[PDB]
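Q: One structure coming up, written as structure tokens, with questions to follow.
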Ligand SMILES: [Zn+2]
Ligand SMILES: [Zn+2]
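Chains as they are written, first to last, in the authors' numbering: chain A, 6 to 142; chain B, 5 to 140; chain D, 1 to 5; chain C, 1 to 5.
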């Protein structure tokens, strides 16, 4: 399958959890995170960072008795992947294409929502600098 | 956006391949109907009306306007699993689809293999002939 | 039609 | 668990 679509497959998603700290004895294992749609996106700063592949919600701060599904419902109730009940292979191509369109939309929405935030931050700085000149300063 | 490898599974892609197809309105083997039957247009300098099943890779030239592309496909490549496929592309399950693409990859390899055999037999023919001539 | 020959 | 920041 093309790389673009691999995140739709659980075994791919599991394979992302390279150094996941929570393992057996825990509620949020790699298996269970992946069943819930998450992938592992670690960084230097947020080493337990995980992201829904579908709605792109990013969650860190994971505790061991967290149920990844219950967490995904709480933090991103809108996510259509939570509605999906059939296994990947039991999907029709129509249904699958419908979903991938919804994912592309979510992705765009997220990128858009970031740009707005960066911009609003930049505007704040510019405004401030101008206010400071107007102070006679 | 489906990867280019899988585009041929879509009828509207297949239709789009018939850039300078001669048989159009009035005719039984229109681009629409060739594509509904699984063909793509693979013209050449030498075989300008050449068409190929995307699935079983059968290549058919010699098209006449009254030809029903489906009936021609059944006749020339009855083995083709694409002919079994009743459902529309989007009504297929992913399991069913993946099953098919695995069969296409098999057919492709079989076809590649069948070409190599032919080239070899062709080269053998030449070598034979050259040796016969030198025996003289 | 007929097979590529 | 909690959102990014
Ligand atoms: Zn989600
Ligand atoms: Zn065929």
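Using N, Cα and C, we set each Cβ at its ideal position, and we do this for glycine too.
#1: Using a Cβ-Cβ cut-off of less than 8 Å, give me the residues of the stretch 90-102 of chain A that come near chain B, in sequence order.
#2: Answer with yes or no whether the minimum CB distance from residue 47 of chain A to chain B is below 8 Å.
#3: Check whether the Cβ of residue 60 of chain A lies closer than 7 Å to any heavy atom of ligand 1, and answer yes or no.
#4: Within the present structure, is the beta-carbon of residue 77 of chain A separated from the nearest heavy atom of ligand 1 by less than 7 Å?
#5: Count the other CB atoms within 10 Å of the CB of residue 81 of chain A; is the residue buried (16 or more) or exposed (fewer)?
#6: Kindly say whether residue 35 of chain A, judged by its beta-carbon, lies nearer than 8 Å to any beta-carbon of chain B.
#7: Determine, for residue 7 of chain B, whether the minimum Cβ-Cβ distance to residues of chain A falls below 8 Å.
#8: Give, in chain order, every residue of the stretch 54-86 of chain A whose Cβ lies closer than 7 Å to some Cβ of chain C.
#9: Heavy atom of ligand 2 less than 7 Å from the Cβ of residue 99 of chain B, yes or no?
#10: Would you decide whether residue 5 of chain C is buried or exposed? Buried here means 16 or more other CB atoms lie within 10 Å of its CB.
#11: Check for me: the alpha helix (DSSP H) holding residue 114 of chain B runs from which residue to which?
#12: Assuming contact is defined by CB atoms lying nearer than 8 Å, are residue 43 of chain B and residue 112 of chain B in contact in what I supplied?
#13: If we ignore side chains and look at the alpha-carbon of each, how far apart do residue 116 of chain A and residue 57 of chain A end up?
#14: Applying the criterion that 16 or more other CB atoms from any shown protein chain within 10 Å of the CB defines a buried residue, is residue 2 of chain D buried or exposed?
#15: Report back the beta-carbon spacing between residue 97 of chain B and residue 104 of chain A to the nearest angstrom; my notes put them in contact at under 8 Å.
#16: Does the stretch 116-134 of chain A come close enough to the stretch 73-87 of chain B that 3 or more CB-CB pairs lie under 8 Å?
#17: Would you please state the rounded distance, in angstroms, between the beta carbons of residue 94 of chain B and residue 66 of chain A? I believe it to be under 8 Å.
#18: For residue 9 of chain A, which of A:106, A:53, A:138 has the nearest alpha-carbon?
#19: Under the three-state reduction of DSSP, which class applies to residue 64 of chain A: helix, strand or coil?
#20: Reducing DSSP to helix, strand and coil, say where residue 56 of chain A ends up.
#21: If the criterion is Cβ atoms closer than 8 Å, does the pair residue 69 of chain A and residue 46 of chain A meet it?
#22: Can you tell me whether residue 33 of chain B sits near ligand 1, meaning its C-beta is under 7 Å from at least one heavy atom of the ligand?
#23: Is residue 79 of chain B closer than 8 Å to residue 87 of chain B when the C-beta atoms are compared?
#24: Short of 7 Å in beta carbon distance, which residues of its chain neighbour residue 83 of chain B, apart from the five on each side in sequence? Order them along the chain.
#25: Look at residue 51 of chain B and residue 15 of chain B and say whether their C-beta atoms are less than 8 Å apart.
#26: How long is the line joining the alpha carbons of residue 25 of chain B and residue 18 of chain B, rounded to whole angstroms?
#27: With 8 Å as the threshold, decide whether the Cβ of residue 224 of chain B is near any Cβ in chain D.
A: According to the structure shown:
#1: 93, 94, 95, 96, 97, 98, 99, 101, 102
#2: no
#3: yes
#4: yes
#5: buried
#6: no
#7: yes
#8: 63, 64, 65, 66, 67, 68, 71, 76, 80
#9: no
#10: exposed
#11: 98-139
#12: no
#13: 14 Å
#14: exposed
#15: So it is not a contact: roughly 14 Å between Cβ atoms.
#16: no
#17: So it is not a contact: roughly 41 Å between Cβ atoms.
#18: A:106
#19: strand
#20: strand
#21: no
#22: no
#23: no
#24: 60
#25: no
#26: 12 Å
#27: With chain B running from 5 to 140 in the structure shown, residue 224 of chain B is simply not present.
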